[PDB]
There are 2 protein chains.
Amino acid sequence: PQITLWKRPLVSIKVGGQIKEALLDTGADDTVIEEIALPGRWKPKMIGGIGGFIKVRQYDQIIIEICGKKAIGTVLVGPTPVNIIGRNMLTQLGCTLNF
Amino acid sequence: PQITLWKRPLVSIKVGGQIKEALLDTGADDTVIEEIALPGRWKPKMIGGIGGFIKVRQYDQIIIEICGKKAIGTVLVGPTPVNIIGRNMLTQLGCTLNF
Ligand SMILES: CC(C)(C)NC(=O)[C@@H]1CN(Cc2cccnc2)CCN1C[C@@H](O)C[C@@H](Cc1ccccc1)C(=O)N[C@H]1c2ccccc2C[C@H]1O
Ligand SMILES: [Cl-]
Ligand SMILES: [Cl-]
Ligand code: NA
């Protein structure tokens, strides 16, 4: 499909057995989600954007459904203002910018 | 052009008579550039990132050029780690998300 940007590119996603709303974010290197329960062991990580850095937990090989597609990859969990689908996942979806 | 997301979608832009590197950011509502000299009056504004809010100067009716295409709109000037081209400008360039 083709998503215009006249409004926020928000989509429904399934992760951690839960349905959530997330932002398709080309400006994000990684994918970070609000506090949620994920399986397996995690490693610490610092991610920075406007306003500085935040500490998140990194879980790997996590399954995520986005726009009727499945992606399996790294998912960060922490105090992010909004759920963010970053490039690590967007590439799995075969997403590209066009203009 | 069609831009893949394996790496950050950086592009050269023309703004304030200067040439700069900026990131095509679908998750960004606004366009924010590091300290740069812009003409006209400005208004103060607070914008929030994953790390918190930063204070910026809001300029309106600013023209930017990207890959031969031009757009006019609001440009925020402040301490941003990276220059960001947001949706308010991406729409004007006819930039879409495709997969
Ligand atoms: C207008 C402004 C630019 C202030 N907007 C944002 O920062 C929004 C904020 N919302 C949230 C919000 C905050 C307050 C109010 N409403 C909404 C979440 C989504 N971001 C957009 C991000 O894509 C911005 C980038 C900027 C950046 C890129 C590369 C290097 C440094 C900074 C961003 O924060 N990306 C980072 C990022 C993001 C997620 C996971 C990993 C990483 C690493 C890094 O790529
Ligand atoms: Cl990944
Ligand atoms: Cl605008
Ligand atoms: Na990016």
# chains A, B, ... in the order shown; residues from 1 in each chain; ligands from 1
$ residues_around --residues "residue 81 of chain B" --least-positions-apart "5" --cutoff "9 Å" --atoms "only C-alpha atoms" --output "PyMOL selection string"
(chain A and resi 48-52) or (chain B and resi 33-34)
$ interface_residues --of "chain B" --to "chain A" --cutoff "10 Å" --atoms "only C-alpha atoms" --output "ChimeraX atom specification"
/B:1-10,23-29,32,47-55,67,69,79-82,84-99
$ residues_near_ligand --ligand "ligand 3" --cutoff "9 Å" --atoms "only C-alpha atoms and all ligand atoms" --output "number ranges by chain"
B: 30-31, 60-62, 72-75, 87-89
$ write_last_selection --atoms "C-alpha atoms" --output "PDB file, in the first residue's frame"
ATOM      1  CA  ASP B  30       7.532  19.320  12.534  1.00  0.00           C
ATOM      2  CA  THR B  31      10.670  20.290  10.686  1.00  0.00           C
ATOM      3  CA  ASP B  60       6.991  30.635   9.239  1.00  0.00           C
ATOM      4  CA  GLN B  61       6.831  30.844   5.446  1.00  0.00           C
ATOM      5  CA  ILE B  62      10.284  29.308   5.061  1.00  0.00           C
ATOM      6  CA  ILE B  72       7.283  26.296   1.980  1.00  0.00           C
ATOM      7  CA  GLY B  73       6.187  26.065   5.589  1.00  0.00           C
ATOM      8  CA  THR B  74       7.113  26.378   9.235  1.00  0.00           C
ATOM      9  CA  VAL B  75      10.704  25.618  10.254  1.00  0.00           C
ATOM     10  CA  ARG B  87       5.544  15.728   7.675  1.00  0.00           C
ATOM     11  CA  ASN B  88       4.630  19.424   7.324  1.00  0.00           C
ATOM     12  CA  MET B  89       7.300  19.530   4.586  1.00  0.00           C
TER      13      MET B  89
END
$ atom_distance --atom1 "atom CA of residue 78 of chain A" --atom2 "atom CA of residue 22 of chain B"
26.8 Å
$ select_by_dssp --residues "chain B" --states "strand (DSSP E or B)" --output "PyMOL selection string"
chain B and resi 2-3+10-15+18-24+32-33+43-49+52-66+69-77+84-85+96-98
$ write_last_selection --atoms "C-alpha atoms" --output "short mmCIF file (atom, residue, chain, number, x, y, z; two decimals), in the first residue's frame"
data_model
loop_
_atom_site.label_atom_id
_atom_site.label_comp_id
_atom_site.auth_asym_id
_atom_site.auth_seq_id
_atom_site.Cartn_x
_atom_site.Cartn_y
_atom_site.Cartn_z
CA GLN B 2 12.74 5.82 -4.03
CA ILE B 3 14.71 5.67 -0.80
CA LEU B 10 19.59 11.58 4.86
CA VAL B 11 19.42 14.07 1.98
CA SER B 12 20.93 17.43 1.02
CA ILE B 13 18.62 20.37 1.51
CA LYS B 14 18.72 24.05 0.65
CA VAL B 15 17.34 26.36 3.33
CA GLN B 18 22.59 27.39 2.97
CA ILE B 19 22.99 23.72 2.07
CA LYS B 20 22.56 21.15 4.83
CA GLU B 21 22.13 17.46 5.59
CA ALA B 22 18.74 16.44 6.95
CA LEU B 23 16.73 13.31 7.75
CA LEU B 24 13.41 12.44 6.06
CA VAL B 32 13.54 21.24 12.97
CA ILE B 33 17.03 22.38 12.04
CA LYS B 43 7.77 32.63 18.08
CA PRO B 44 9.04 30.43 20.92
CA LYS B 45 7.86 26.82 21.03
CA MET B 46 8.45 23.60 22.95
CA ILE B 47 8.68 20.32 21.07
CA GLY B 48 8.89 16.87 22.57
CA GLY B 49 11.24 14.09 21.56
CA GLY B 52 11.96 15.15 26.50
CA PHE B 53 11.23 18.67 25.31
CA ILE B 54 13.60 21.28 23.88
CA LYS B 55 12.91 24.99 23.32
CA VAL B 56 12.96 26.22 19.73
CA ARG B 57 12.36 29.30 17.60
CA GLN B 58 9.44 29.02 15.17
CA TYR B 59 9.83 30.64 11.77
CA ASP B 60 6.99 30.64 9.24
CA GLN B 61 6.83 30.84 5.45
CA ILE B 62 10.28 29.31 5.06
CA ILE B 63 11.28 27.76 1.74
CA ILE B 64 13.36 24.59 1.50
CA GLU B 65 14.57 22.66 -1.54
CA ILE B 66 15.12 18.90 -1.68
CA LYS B 69 11.50 19.95 -5.37
CA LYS B 70 10.53 22.99 -3.31
CA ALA B 71 8.27 23.44 -0.30
CA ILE B 72 7.28 26.30 1.98
CA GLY B 73 6.19 26.06 5.59
CA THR B 74 7.11 26.38 9.24
CA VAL B 75 10.70 25.62 10.25
CA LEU B 76 11.72 25.22 13.90
CA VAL B 77 15.23 26.24 14.91
CA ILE B 84 14.82 16.79 10.64
CA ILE B 85 12.44 17.15 7.71
CA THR B 96 4.86 8.85 0.67
CA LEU B 97 5.52 5.60 2.53
CA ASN B 98 5.32 2.51 0.33
#
$ atom_distance --atom1 "atom 17 (C, counted along the ligand's line) of ligand 1" --atom2 "atom CA of residue 83 of chain A"
9.4 Å
$ atom_distance --atom1 "atom CA of residue 68 of chain A" --atom2 "atom CA of residue 38 of chain A"
20.8 Å
